[PDB]
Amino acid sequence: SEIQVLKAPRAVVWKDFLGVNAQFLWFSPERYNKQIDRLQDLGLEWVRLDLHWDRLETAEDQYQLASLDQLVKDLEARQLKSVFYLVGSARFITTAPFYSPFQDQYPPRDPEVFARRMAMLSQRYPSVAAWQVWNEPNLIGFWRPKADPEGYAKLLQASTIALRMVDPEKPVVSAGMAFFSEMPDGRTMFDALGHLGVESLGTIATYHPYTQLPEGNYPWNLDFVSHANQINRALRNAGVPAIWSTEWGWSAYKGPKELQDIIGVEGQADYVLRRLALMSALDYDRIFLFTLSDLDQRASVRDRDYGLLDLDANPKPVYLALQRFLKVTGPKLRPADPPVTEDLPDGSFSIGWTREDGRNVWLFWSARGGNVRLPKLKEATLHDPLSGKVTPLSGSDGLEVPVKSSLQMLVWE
């Protein structure tokens, strides 16, 4: 019946667990403060932000930090917890060959130079919650001309030492690896780094498992939970202090298709909730949805519509759905089992939790559907986070429940 039942390894406190990627430096403080209001309205506080070196040290030893000073101050005033990741080579340090069109997509000639920047940043901004080293080094667009475990490892080592020199308590996060860390030559960056003793550094491990569907790449092989469980298991076995997922999500873009199938604002709201349901029941210590806001032409066409909010900072359907979802769940969930069922359709997903008020929450869906019987329940409340619909249900000798392709939530006891 290919039914997939998930039970989480620990309690989930949404405020601690679920954060968002952000792109604040591309917005006025009036605009990003509005975005913050919306984030706070969800009960969340963690944000993740890039720091493109080439755009910050615009000439050797010359920095344009005025707006980043302001942002960091604003983030602190708004009580948000932030992780920044420094990525790309400034031109003076790049390993790019002469006349390269993308010098910054090459790594630094000397990792110590990069590491000294991370130390400068950590000192300048003590409020930042965590510091991340580079980004998706397994992907050619971030590390030319070839993925290089040895070199990323040196960069990571240098940066870790420098970051702990400034604050030995403050977490150091390794690069979020593209996808499940796969490299073009067939290796995985997680594997390759493991053979190099990277665990010695004790950095937080993280990857960016984008897939075509919330549960996998193909409708006939929803193997996301398997792959994820496999990777995290291996990460824990290797001695990582924590596992994050610093990026995941879908774009509402109309196209033309570039890798991701066109699913629109509604498909975004649907997919995002279904994947949130999975990931929050898997072995992650923290995840970051991509991303808080839609973006303008400074971003690729597809990248413009990953937002929870539009360019005016108004909720998109995904935001409204997520809000409904979080309201039903409450602030904290404790692992539980699903209700006992009869005739759960094949391919169903089933996840059980208990709320703060002690009531249970069942999260379920299936691509096929039909109904399911809950023999022991006499009463329950059905929620469809996508429509906003709430259906009180009553059974003398059990309830019947419709299964949709999209996530629904049942509040029962």
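One rule holds for the numbers: they count along the sequence shown, beginning at 1. C-alpha atoms forming the largest set that superposes within 1.5 Å between two forms make up the rigid core.
Greater C-alpha displacement in 4 other deposited structures of this protein (rigid core superposition, RMS over structures and residues), of 294-302 versus 96-104: 96-104. Root-mean-square C-alpha deviation from the shown form, taken over all structures in 4 other deposited structures of this protein superposed by the rigid core, is larger for 393-401 than for the alternative among 393-401 and 11-19. Stretches 23-31 and 372-380 differ in mean C-alpha B factor, with the higher average recorded for 372-380. Relative to its counterpart among 207-215 and 333-341, 333-341 has the higher mean temperature factor, C-alpha atoms as listed in the PDB entry. The maximum CA B-factor among the listed residues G264, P137, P107, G197, taken from the PDB record, is found at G197. Highest CA B-factor among the listed residues (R236, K316, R117, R91): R236. When all modelled residues of the chain are sorted by CA temperature factor, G186 is found within the highest third. In the PDB entry, a CA B factor belonging to the middle third of its chain's modelled residues is recorded for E76. When all modelled residues of the chain are sorted by CA temperature factor, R275 is found within the lowest third. Among the modelled residues of the chain, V240 sits in the highest third by CA temperature factor in this PDB entry.
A299: CA B factor in the middle third of modelled residues in this chain (values from the PDB entry).
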